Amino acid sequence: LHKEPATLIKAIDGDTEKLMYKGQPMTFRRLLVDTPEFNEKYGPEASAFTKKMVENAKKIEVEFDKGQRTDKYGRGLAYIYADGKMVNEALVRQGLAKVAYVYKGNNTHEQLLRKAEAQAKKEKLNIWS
């Protein structure tokens, strides 16, 4: 897999951001994760976490997997990195997302995320508390 440049246009929520990719605005949906919706428990905290992470980053990168690059809603499907740290992984490690939506051919980082989830669960973090 390869990291490619993008620039933040707007944080949206725990699962998505508006990013400029190849000079075109796009909603990106994070691969392999599910954050609570804003009206659910830890939903606001997941959105706040991603917002800070991406807004504070000097460099945003997107990493597509081997399979579908866009979903049925026209959202890009990627691993998102903020100054080299994967936001997808960071969310799961803090118990602000579950590993979810694991489809064959778009699951390169599945085991990394599951390890992170196991640690959040062991620590009884946020969703796991």
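Numbering starts at 1 and follows the sequence shown.
Of the two stretches examined, 117 to 125 and 5 to 13, the record assigns the greater average C-alpha temperature factor to 117 to 125. The mean Cα B-factor in the deposited entry runs higher for 54 to 62 than for the other of 54 to 62 and 87 to 95. Comparing the listed residues 101, 73, 38, 28, the entry records the largest Cα B-factor for 38. Annotation for residue 42: C-alpha temperature factor in the highest third relative to the rest of the modelled chain, per the entry.
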